[PDB]
There are 2 protein chains.
Amino acid sequence: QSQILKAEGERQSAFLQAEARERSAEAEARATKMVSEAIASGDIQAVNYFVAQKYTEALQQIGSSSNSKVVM
Amino acid sequence: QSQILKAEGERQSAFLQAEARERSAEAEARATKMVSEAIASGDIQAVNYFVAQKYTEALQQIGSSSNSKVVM
């Protein structure tokens, strides 16, 4: 009996997760459309600049951590 | 007798899991259709930008952890 009750629990959880998945997919679609229009209008170098600066910040935090051993 | 009862338990669990699987597949199909339309309308560089930024965040967290030893 305990196992059957548990299984019913995961079933209901799966249904709720499916609903959340559909909503998140809707949001991703809207985001894709908006950024697609923005890129198609003007240019591509700006996106590369954004990627570069975010990557620079990530690399700085990777280097400046407590546990590491860099080599130049 | 104990083993037979246990086996009945896993049977019922499998049935419930099958129902959940069908629901999740439905959700995946809807998501695929929506994002497919969004991509087919506008462009592909936006998806690459999203992938790049999420990957940058993942790499930053991989580097900035307690147990590691980076090498440059």
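Residues numbered from 1 in each chain as written, not as in the entry; some residues may be left out. Chains lettered and ligands numbered in written order. Part of a larger assembly, values for the part shown. Heavy atoms only, no water.

Determination of this PDB entry was carried out by cryo-EM to a resolution of 2.9 Å, according to the record.

Visitor: Any chance you could explain the overall build of chain A here in plain terms?
Guide: Helices and strands together make up the secondary structure of chain A, namely two helices and zero strands. Over its C-alpha trace chain A gives a radius of gyration of 22 Å, far above what one expects of a compact globule, namely 11 Å for 72 residues. Overall, chain A is about 60 × 45 × 10 Å in size when its C-alpha atoms are taken along their principal axes. Residues counted as buried form 14% of the 72 residues belonging to chain A. The average position of the 8 basic charges and that of the 9 acidic charges among the side chains of chain A differ by 5 Å. (Helix = DSSP H or I, 4+ residues; strand = E, 2+ residues; numbered from the N terminus. Rg over C-alpha atoms; globule rule 2.2 N^0.38 Å. Buried < 20%, exposed > 50% of the residue type's maximum accessible area, 1.4 Å probe, protein only. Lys, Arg positive; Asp, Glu negative; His and termini not counted. Charge placed at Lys NZ, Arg CZ, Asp CG, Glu CD.)

Visitor: Is there a simple way to think about the interface of chain B and chain A in this case?
Guide: Many descriptions give the size of an interface as the accessible area lost when the pieces come together. If you look at the interface, chain B gives 34 residues, while chain A gives 35 residues. Each partner contributes to the roughly 3200 Å² buried at the junction of chain B and chain A, and carbon and sulfur atoms together form 71% of this total. The largest per-residue losses of area from chain B upon contact with chain A belong to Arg23(B), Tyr49(B) and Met72(B), which jointly make up 17% of the total buried on that side. Inspection of the chain B/chain A interface yields three salt bridges. For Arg11(A), the salt bridge goes to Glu19(B), with nearest N and O atoms at 3.0 Å. Linking chain B with chain A are three residue pairs in polar contact. (Contact = heavy atoms within 4.5 Å. Buried area = accessible area lost by both parts, 1.4 Å probe. Salt bridge = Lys/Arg side-chain N within 4 Å of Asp/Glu carboxyl O. Polar contact = N/O pair within 3.5 Å; in protein donor to acceptor, adjacent residues only side chain to side chain.)

Visitor: Explain the environment of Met34(B) to me, please; I cannot follow it from the model alone.
Guide: Assignment of secondary structure puts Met34(B) in helix α1 (residues 2-41). Not counting residues within four places of it along the chain, the set of residues in contact with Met34(B) comprises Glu26(A) and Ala29(A).

Visitor: Would you mind going over the packing of helix α1 (residues 2-41) of chain A against helix α2 (residues 45-63) of chain B with me for this structure?
Guide: When two helices pack together, their arrangement is captured by the angle between the axes and the distance separating the axes. Interhelical geometry of α1(A) versus α2(B) gives an angle of 115° and a closest axis separation of 8 Å. The angle between the axes of α1(A) and α2(B) places the two elements in the roughly perpendicular class. The two elements α1(A) and α2(B) cross, and the hand of that crossing is right-handed. Together, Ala31(A), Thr32(A), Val35(A), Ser36(A) and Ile39(A) of α1(A) and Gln45(B), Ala46(B), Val47(B) and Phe50(B) of α2(B) make up the contact between the two elements. Partitioning the contact of α1(A) with α2(B) into residue classes produces six nonpolar, three polar and no charged. (Axes fitted to C-alpha atoms, helices over the stretch in contact; angles between N-to-C directions. Parallel < 35°, antiparallel > 145°, perpendicular 65-115°, else oblique. Left-handed = near helix turned anticlockwise from the far one by under 90°. Nonpolar A, V, L, I, M, F, W, Y, C, P; charged D, E, K, R; others polar.)

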